[PDB]
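In structure tokens, one chain follows: the form deposited in one PDB entry.
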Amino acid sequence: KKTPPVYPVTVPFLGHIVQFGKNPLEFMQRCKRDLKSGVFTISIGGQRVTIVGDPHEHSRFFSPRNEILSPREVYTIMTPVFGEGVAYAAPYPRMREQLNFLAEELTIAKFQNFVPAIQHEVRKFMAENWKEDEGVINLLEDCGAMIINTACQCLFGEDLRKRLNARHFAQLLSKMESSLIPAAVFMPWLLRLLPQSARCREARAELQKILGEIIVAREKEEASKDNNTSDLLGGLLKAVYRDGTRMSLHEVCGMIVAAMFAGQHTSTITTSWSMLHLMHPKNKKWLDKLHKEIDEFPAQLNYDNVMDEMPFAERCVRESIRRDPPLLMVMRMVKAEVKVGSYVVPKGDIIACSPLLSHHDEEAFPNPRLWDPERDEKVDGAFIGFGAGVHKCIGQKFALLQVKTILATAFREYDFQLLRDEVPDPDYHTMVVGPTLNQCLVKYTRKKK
């Protein structure tokens, strides 16, 4: 009949911004241990933030519709990235239509080309950059490059990959991004209008035009039929809203930007932790096992190699998303009271559910710091690496496709060694949390027989 515990505020303007910004894992865990309650409230600049940290309760969070627990507020910190009236910014009917359109373009029906195209770009990058028999590279850095490469390769039509290349596009992603403020999500009054924030404007507007140009190009080759180009951009342009309308350039640009920005960091980070773990000595058996699964593949890989025939490798990826969820927190705007366990949660609060917290609940994941791909969430619905319910991640299959593919190519044609005693500390100081960049230096030993 009343709110969840609160956590003592010793410095009233801050709330818990500092110990939360410092080590959110430790902290949230502390709240959950001390408050004797897996569900509890914290404050951020005096904004109530109720963390649903008991896995049995996940349903409570992910189930209510947008109108009760609203995404839109919590994501406004993106409207410059996506645009006005794009995604959440858009009314929920439309946002759903837009996300749907995207989702179609990312079903497995589209993936038929991808595994080969991905393998290609990876071998490319590796030969152009892992030229020597040995050498030391930054695994987080490179991967980031492989990912943006392999993604465009997959979702980007020849002509568009011409006028825009992966490397250049990434600079639009950085550019667009750098102008973001995490804090904004709790305190958007910050949002009110801030110097490079133009950039994200510039970064976007530049991109948009590029596409607006790209389109005119492909329309004037239809009489010929010169190319039957069905890349992500293609699909998006063919889509029709119910009301019989289509996506304006701005919405199309939005939805692709979203798509790629989405994949970029989450995917490179997951790739990074997975390789890291495997390449550790303690995980030899896990490496040994991986091999017994990719050794009897043809060099050229197809689909049936990847999804259907790499269950273990997929275990590694997921387990790695389990241990170090790139996205720490899923959040909504409580627009009306909601039951969560034996607590209620007041209209106006911020409700969150934390992959980071939940993946370290001891009931659900004994020894949560231990990376064990063979482990299984004791507690059904515990793992939320990809969210759940309505807004669960559509990019899910595609990302698994990339990482696994890359994992395969990489460890097949190379060996590896961590230049550190232990796998990198997470770096919780990025909006999308990865392994610590200046700790990701690795030594790649080419292979031969």
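Take the two forms, superpose them, and find the largest set of C-alpha atoms that agree within 1.5 Å; that set is the rigid core. Each residue number is its position in the shown sequence, starting from 1.
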* Asked: Of the other PDB entries compared that resolve residues on either side of residue 227, does at least a third omit it?
  -> yes
* Asked: What number of deposited residues lacks coordinates in the span between residue 193 and residue 194: none, 1 to 3, 4 to 9, or 10 or more?
  -> 1 to 3
* 211-219 versus 92-100 - greater average Cα B-factor per the deposited record -> 211-219
* Structure fact -> Of 120-128 and 263-271, the stretch with the higher mean C-alpha B-factor in the deposited entry is 120-128
* **Highest recorded Cα temperature factor - choice among 391, 412, 404, 60** => 412
* To do: Kindly indicate the residue among 107, 165, 358, 174 with the greatest C-alpha B-factor in the PDB record.
  => 165
* Structure fact -> The third of the chain into which the C-alpha temperature factor of residue 397 falls is the lowest
* Structure fact -> In terms of its chain's C-alpha B-factors, the third that includes residue 320 is the lowest
* Chain-relative CA temperature factor third for residue 420 -> highest
* Looking at the entry's B-factor column for C-alpha atoms only, identify whether residue 8 ranks in the lowest, middle or highest third of its chain. => highest
* Structure fact -> Among the modelled residues of its chain, the C-alpha B-factor of residue 14 falls in the third labelled highest
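Heads up, the form deposited in another entry isn't pictured, but that's what we're talking about next.
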* To do: Determine, with the core as the superposition reference, the one member of 199, 124, 375, 280 that shifts its CA by 2 Å or more between this form and the one not shown.
  => 199
* Do you see a C-alpha shift of 2 Å or more at residue 15 between this form and the one not shown, with the core held fixed? -> yes
* Can you tell whether residue 334 sits closer to or farther from residue 15 in the other entry than it does here, judged by CA atoms, where the change is 3 Å or more? => farther
